[PDB]
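First up is the structure itself, then whatever we jot down about it.
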Amino acid sequence: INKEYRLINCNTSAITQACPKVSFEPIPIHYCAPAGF
Amino acid sequence: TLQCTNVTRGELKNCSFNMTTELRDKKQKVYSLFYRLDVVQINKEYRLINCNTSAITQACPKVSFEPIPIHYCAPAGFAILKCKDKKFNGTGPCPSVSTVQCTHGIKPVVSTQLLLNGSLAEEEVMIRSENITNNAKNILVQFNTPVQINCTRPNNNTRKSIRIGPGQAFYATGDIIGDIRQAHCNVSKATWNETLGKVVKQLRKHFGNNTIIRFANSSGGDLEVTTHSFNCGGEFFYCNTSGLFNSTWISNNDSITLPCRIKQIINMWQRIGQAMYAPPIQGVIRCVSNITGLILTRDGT
Amino acid sequence: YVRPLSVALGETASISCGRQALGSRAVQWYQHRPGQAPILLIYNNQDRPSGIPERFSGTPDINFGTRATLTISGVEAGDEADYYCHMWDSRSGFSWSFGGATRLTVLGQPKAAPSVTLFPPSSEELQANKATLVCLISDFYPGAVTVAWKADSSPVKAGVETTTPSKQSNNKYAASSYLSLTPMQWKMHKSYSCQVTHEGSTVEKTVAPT
Amino acid sequence: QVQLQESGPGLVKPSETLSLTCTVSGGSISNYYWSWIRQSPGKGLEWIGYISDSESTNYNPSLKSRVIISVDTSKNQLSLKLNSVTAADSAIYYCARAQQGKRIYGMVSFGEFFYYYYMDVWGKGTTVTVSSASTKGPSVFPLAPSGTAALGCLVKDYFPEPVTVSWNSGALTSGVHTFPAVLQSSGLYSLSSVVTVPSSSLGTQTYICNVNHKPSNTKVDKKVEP
Ligand SMILES: *[C@@H]1O[C@H](CO)[C@@H](O[C@@H]2O[C@H](CO)[C@@H](O[C@@H]3O[C@H](CO[C@H]4O[C@H](CO[C@H]5O[C@H](CO)[C@@H](O)[C@H](O)[C@@H]5O[C@H]5O[C@H](CO)[C@@H](O)[C@H](O)[C@@H]5O)[C@@H](O)[C@H](O[C@H]5O[C@H](CO)[C@@H](O)[C@H](O)[C@@H]5O)[C@@H]4O)[C@@H](O)[C@H](O[C@H]4O[C@H](CO)[C@@H](O)[C@H](O)[C@@H]4O[C@H]4O[C@H](CO)[C@@H](O)[C@H](O)[C@@H]4O[C@H]4O[C@H](CO)[C@@H](O)[C@H](O)[C@@H]4O)[C@@H]3O)[C@H](O)[C@H]2NC(C)=O)[C@H](O)[C@H]1NC(C)=O
Ligand SMILES: *[C@@H]1O[C@H](CO)[C@@H](O[C@@H]2O[C@H](CO)[C@@H](O[C@@H]3O[C@H](CO[C@H]4O[C@H](CO)[C@@H](O)[C@H](O)[C@@H]4O)[C@@H](O)[C@H](O[C@H]4O[C@H](CO)[C@@H](O)[C@H](O)[C@@H]4O)[C@@H]3O)[C@H](O)[C@H]2NC(C)=O)[C@H](O)[C@H]1NC(C)=O
Ligand SMILES: *[C@@H]1O[C@H](CO)[C@@H](O[C@@H]2O[C@H](CO)[C@@H](O[C@@H]3O[C@H](CO[C@H]4O[C@H](CO)[C@@H](O)[C@H](O)[C@@H]4O)[C@@H](O)[C@H](O)[C@@H]3O)[C@H](O)[C@H]2NC(C)=O)[C@H](O)[C@H]1NC(C)=O
Ligand SMILES: *[C@@H]1O[C@H](CO)[C@@H](O[C@@H]2O[C@H](CO)[C@@H](O)[C@H](O)[C@H]2NC(C)=O)[C@H](O)[C@H]1NC(C)=O
Ligand SMILES: *[C@@H]1O[C@H](CO)[C@@H](O[C@@H]2O[C@H](CO)[C@@H](O)[C@H](O)[C@H]2NC(C)=O)[C@H](O)[C@H]1NC(C)=O
Ligand SMILES: *[C@@H]1O[C@H](CO)[C@@H](O[C@@H]2O[C@H](CO)[C@@H](O)[C@H](O)[C@H]2NC(C)=O)[C@H](O)[C@H]1NC(C)=O
Ligand SMILES: *[C@@H]1O[C@H](CO)[C@@H](O[C@@H]2O[C@H](CO)[C@@H](O)[C@H](O)[C@H]2NC(C)=O)[C@H](O)[C@H]1NC(C)=O
Ligand SMILES: *[C@@H]1O[C@H](CO)[C@@H](O)[C@H](O)[C@H]1NC(C)=O
Ligand SMILES: *[C@@H]1O[C@H](CO)[C@@H](O)[C@H](O)[C@H]1NC(C)=O
Ligand SMILES: *[C@@H]1O[C@H](CO)[C@@H](O)[C@H](O)[C@H]1NC(C)=O
Ligand SMILES: *[C@@H]1O[C@H](CO)[C@@H](O)[C@H](O)[C@H]1NC(C)=O
Ligand SMILES: *[C@@H]1O[C@H](CO)[C@@H](O)[C@H](O)[C@H]1NC(C)=O
Ligand SMILES: *[C@@H]1O[C@H](CO)[C@@H](O)[C@H](O)[C@H]1NC(C)=O
């Protein structure tokens, strides 16, 4: 702005803490086409 | 709590308040202009009108209030039946009928008293009602020739962003750049005279060739119904119409000008609980539109 | 107060108004030479009265934003005066005070040499037991001179009064200078001088009692 | 056309009523706006007040509590009565005709206009001094001359400003050059006029300077000759 600081996002965007039970692990995903495609 | 002073009659105010910044432990003494109709008393101490009734949500400044033609379509196995009868009133058996999959381009114009930008009537000017003998049923008169109305707010307003939180910016009315003037609307007094005549003609077919037909202004109610309420370039006008319905008709350049006020805290429909703040529109507002219909109400001569 | 401004002879002057308007404006311009009657140059933002040269021109407010400026093309030496901007506008109230005086000074005028004329004490005032020398200076530019009195060859500096250089009709300056003497101090001396130094040159005018 | 001329005491003691008048020539008094403006030394132009053609009073709030502008239509003459004068009230008082302009910017119907006044013709001016010191007449002493020659008149201690100098009651006008006064430390102004004169006419033509000091009601003349 001891020295006075501030989180980086405060002047641009609200901020949301990631729920600590969801995982960022890449899981193999398969894209499927509907019937008739 | 707002600290408001007049602006250098007494309609628009100049209000300074303590506001939250992007940091939760810091304030800021910002000022913003507000129309009279948006505040109430307790430097004089004021407050926004909605605070004691409803929360308030600022309209996103990228969505447009512009009526866009919408077409209603019926699903497969259903149909819509038009009515080609040029003189078809409200009910009855339509002689000429056609089937369509969707309706024509209907513009969802939210208006009051004067039906704007709508669809005209072919041949003669129609008049519709459930029971026209019932005074508690609005008469829906539809013109055949449009009478043009021109509206403008001439003040050169400016928009001012106020960061009230993380990612939260309230758009406030900064200041007026130049002359302070009245908002109003013009209609051609000649074209409005001949259109009231066309209306007064078909009004005799239901009430008598000898009885006299008189037009008066509203007799009471809220601002939305006592005035030609509508929206012009994004700002919600409320026009006095006493200059349009002040004629008495017997058995046998010109311009009318309407003093329109402006509001910002609007409840839109009749919901009490969901108010909307319309952000201020930069520049000079003027719009041109046709009054193609009317919504009258005979007194219970 | 006063705003200084300097243009050259025969150029164009751009006198900006002191207070800029908030709304539509109606600005009057006045020309006022000190110790004289004010002259109305422009009354409506651009309209001039009868008897004002075309080289004077004020800006009209066709579109808002353009500030009011008084334009003087081909500035003469006679255009040296105070210029007031009487600003009226729709937003501010009744404008009682005139503008801030802009004191225009024209540069590059012809440098003229003074004309010194020294008179001895008159016989009536000498007979009235009082002596007074009068040293009249006129037709000099730039209007700034220093006067130095001398008894024979010694400076005086005691009992002298000098006008500030006032401006003449011909756009040059003039100033008097009075040295008060006793009837015996003027008789007991051989000569009396009036050294008038203008710019970087002096002019001497001597007067003796005979 | 229309011209004005003021007239007044020229000297008024402190804490008193400063009367003044202004006679206009060549036009009716009750169909124009009239305005009073003073100009103190060092200060700017100060607008006193104005009276309409309907005889309506409106004064500068800087004064107001001391001003009362009147007007008599029997003549073409209107007055000005500043009271409780102090030292700062010394100024050249001017008399100017105001004309009304209506500046319309929006709708005349909603009143979107304002009124601006502009003064086009002015009075010559009237000097007014405030001082507890009494008036005092001058005393003209002749300055004798000696191709071209120069002669004049010395107007010694007088109070207050001004004095008017004429030569040959108005006949001698070419070559005249009156100088600004000089305020001595005694508190009195001393003025001097001088007329450049061709050298041959020194012994033939007669030269008399007419000096007048209005606050003392004194009209004096004198002769200049070697
Ligand atoms: C919806 O309906 C509404 C209502 O029906 C409608 O409202 C209308 O809105 C418009 C626009 O907003 C308004 O238009 C304005 O009109 C103003 C008034 O104009 C009238 O009056 C003036 C002055 O009249 C006096 O002087 C003239 C001589 O000049 C005399 O002849 C008059 O008789 C009169 O003098 C007597 O009366 C005085 C009292 O007023 C006394 O004091 C005086 O002693 C005398 O007794 C006239 O000049 C106008 O004439 C014009 O109109 C005729 C037809 O009537 C035309 O044919 C022609 O073009 C004439 O020019 C008119 O009669 C205008 O002043 C104003 O325009 C000025 O203001 C704007 C904004 O401030 C400026 O941007 C603009 O440029 C103009 O400024 C000029 O003028 C001023 C004043 O002189 C100058 O100071 C300024 O510097 C600038 O000068 C420049 O232009 C000059 C020419 O204009 C030029 O000469 C200069 O050299 C310089 O270049 C504006 O247009 C209108 O009033 C509303 N209607 C009503 C009834 O109120 C609305 O539009 C409708 N539509 C919507 C909302 O969409
Ligand atoms: C709604 O109400 C708000 C108040 O809540 C108004 O906002 C104020 O508006 C006034 C003008 O009306 C502003 O005052 C102006 O401030 C300018 C900024 O100068 C400041 O900073 C300098 C340092 O650079 C300091 O030296 C100075 O002292 C100030 O602190 C000044 O430049 C202006 O000066 C003008 O006026 C003075 C005296 O009148 C003259 O001598 C000058 O020559 C000059 O003409 C003036 O003082 C004020 O700053 C505004 N406040 C804020 C917080 O912005 C809105 O204007 C008002 N809006 C409407 C539409 O009514
Ligand atoms: C009734 O219908 C009228 C026409 O169908 C409506 O008028 C429309 O009003 C809106 C807003 O009031 C205008 O949109 C604005 O446009 C201007 C600039 O437009 C100009 O420039 C574009 C260039 O892209 C050009 O194509 C146009 O023709 C204009 O020359 C913008 O600055 C604004 O931000 C805004 O987008 C429409 O332009 C205008 N249409 C017409 C034909 O005038 C009227 O509002 C309707 N009435 C009601 C009560 O709803
Ligand atoms: C804005 O101006 C209006 C008009 O002058 C003011 O209204 C006055 O309000 C007081 C109450 O304080 C009343 O006693 C007066 O009778 C009102 N006058 C009129 C003509 O209605 C208003 O107070 C002003 N507002 C501010 C904040 O200054
Ligand atoms: C307001 O006026 C008329 C409606 O009667 C419209 O202008 C006409 O529009 C039709 C069809 O769009 C055209 O065939 C005509 O040529 C138009 N006439 C003129 C003179 O241009 C106008 O678009 C209407 N505006 C609305 C409904 O917003
Ligand atoms: C309304 O006001 C705005 C400014 O508040 C004006 O915008 C200016 O327009 C000119 C061009 O005419 C530009 O040079 C400026 O840079 C603009 N200013 C800003 C801040 O953007 C606008 O012209 C005004 N319009 C009217 C009709 O009065
Ligand atoms: C409403 O506004 C429209 C356009 O802004 C006006 O139509 C103009 O009328 C004049 C005079 O007849 C014509 O010279 C223009 O060509 C017209 N404009 C267009 C785009 O055609 C109309 O007169 C106004 N009507 C009212 C009642 O204010
Ligand atoms: C946010 O703050 C940073 C400080 O690092 C600054 O550089 C940036 O301009 C700011 N951005 C916005 C959108 O306010
Ligand atoms: C903001 O808070 C301070 C705190 O004392 C107060 O003095 C001031 O009046 C407040 N400002 C407004 C506009 O209410
Ligand atoms: C809200 O405040 C207004 C003040 O204008 C008052 O008249 C009204 O009764 C209040 N309404 C409610 C629901 O509290
Ligand atoms: C519509 O017309 C039919 C037949 O012409 C008639 O019976 C009916 O009453 C009319 N509607 C109204 C509201 O008058
Ligand atoms: C209707 O007109 C009357 C008289 O003309 C007036 O007193 C009343 O306020 C008007 N009502 C509206 C809503 O304009
Ligand atoms: C509408 O205008 C009339 C006169 O034009 C006025 O008497 C009336 O009060 C206005 N309506 C309202 C709600 O003020």
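FYI the Cβ positions are ideal-geometry reconstructions off the backbone, even for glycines, and counts take in every protein chain you see. FYI, it's all coordinate maths here, none of it is from the lab.
For the reader, a short list of remarks on this structure follows.
- Ellipsoid semi-axes in whole angstrom, largest first, where each is sqrt(5λ) of the Cα gyration tensor of chain C: 49, 17, 13
- Each residue of region B:49-60 is assigned a 3J(HN,Hα), and the resulting list reads 5, 6, 4, 8, 10, 8, 5, 9, 10, 6, 4, 4 Hz, derived from the Karplus form 6.51 cos²θ - 1.76 cosθ + 1.60 (θ = phi - 60°), x at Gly and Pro.
- Distance from region D:175-211 to region B:8-85 (C-alpha centre basis), Å: 82
- Shielding by other protein chains, D:120-130, mean Cβ within 10 Å: 2
- Taking label points 7 Å from Cα along the Cα-to-Cβ direction, D:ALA149 and B:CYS102 give a separation of 11.4 nm.
- Three-way shape label, region D:1-132, alpha-carbon gyration tensor, a/c 1.5: prolate
- Average Cα contact separation per residue, region C:109-210, under 8 Å, 6 or more apart, as relative contact order %: 32
- Reference-scaled alpha-carbon Rg (2.2 N^0.38 Å with N residues) for region D:133-226: 1.10
- Spin-label pair C:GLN36/B:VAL63, simplified geometry with 7 Å Cα→Cβ offset, distance in nm: 7.0
- Cα centroid of region C:181-210 to Cα centroid of region D:33-72, whole Å: 50
- Rounded to the nearest 0.05, the FRET efficiency derived from the C-beta distance between D:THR204 and D:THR173 at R0 = 22 Å is 0.75.
- Shape class of region D:136-176 from the Cα gyration tensor (axes a ≥ b ≥ c, square roots of the eigenvalues): oblate, since a/c reaches 1.5 or more and a/b does not exceed b/c.
- With R₀ set to 56 Å, the beta-carbon distance separating B:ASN135 from C:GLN109 gives a calculated FRET efficiency near 0.05.
- Between C:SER97 and C:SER123, the contour length at 0.36 nm per residue exceeds the Cα-Cα span by 4.2 nm.
- Inter-chain neighbour count for B:83-90: the average number of beta-carbon atoms from partner chains within 10 Å of each residue's beta-carbon is 0.
- Extension gain for the segment D:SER109 to D:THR23, taken as residue separation times 0.36 nm less the Cα-Cα distance, is 27.1 nm to one decimal.
- Out-of-range pairs (alpha-carbon distance over 22 Å; input C:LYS157/D:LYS222; A:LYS21/B:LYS26; D:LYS43/D:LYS124; A:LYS3/B:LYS27): C:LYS157/D:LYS222; A:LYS21/B:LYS26
- Per-residue [θ]222 nm for the protein assembly as shown (sum of -39500 (n - 2.57) over DSSP H runs n ≥ 4, rounded to 500): -1000 deg cm²/dmol
- Average partner coverage of C:19-28, which counts Cβ from other chains inside 10 Å: 5
- Across chain C, C-alpha contacts under 8 Å between residues 6 or more apart give a mean separation that, scaled by the residue count, equals a relative contact order of 19 percent.
- Note on the protein assembly as shown: Cα Rg divided by 2.2 N^0.38 Å, N the number of residues, gives 1.50.
- The slack in the chain from B:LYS84 to B:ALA55, taken as 0.36 nm per residue of separation less the alpha-carbon distance, amounts to 5.8 nm.
- Relative packing of peptides D:90-101, D:75-86 - highest average C-beta neighbours within 10 Å first: D:90-101, D:75-86
- Within the listed set C:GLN195, C:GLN168, C:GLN185, the Gaussian network model of chain C (springs between alpha-carbon atoms below 10 Å) gives the highest mean-square fluctuation for C:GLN185.
- Qualifying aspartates and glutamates (Cα of each under 13 Å from Cα of C:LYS150; at least 8 residues distant if same chain): C:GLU204
- Relative contact order (%) - region C:1-108, alpha-carbon pairs under 8 angstrom, separation at least six: 41
- Across region D:177-211, the residues whose backbone nitrogen lies under 13 Å from the label position 7 Å along the beta-carbon direction of C:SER169 are D:177-179.
- Paramagnetic label reach from C:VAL156 (point 7 Å along Cα→Cβ; backbone nitrogen cut-off under 19 Å): within region C:105-127, residues C:115-127.
- C:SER50/D:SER30 FRET efficiency (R0 22 Å; Cβ-Cβ; nearest 0.05): 0.40
- Rounded Å value of the spacing that divides the Cα centres of region D:74-116 and region C:106-147: 42
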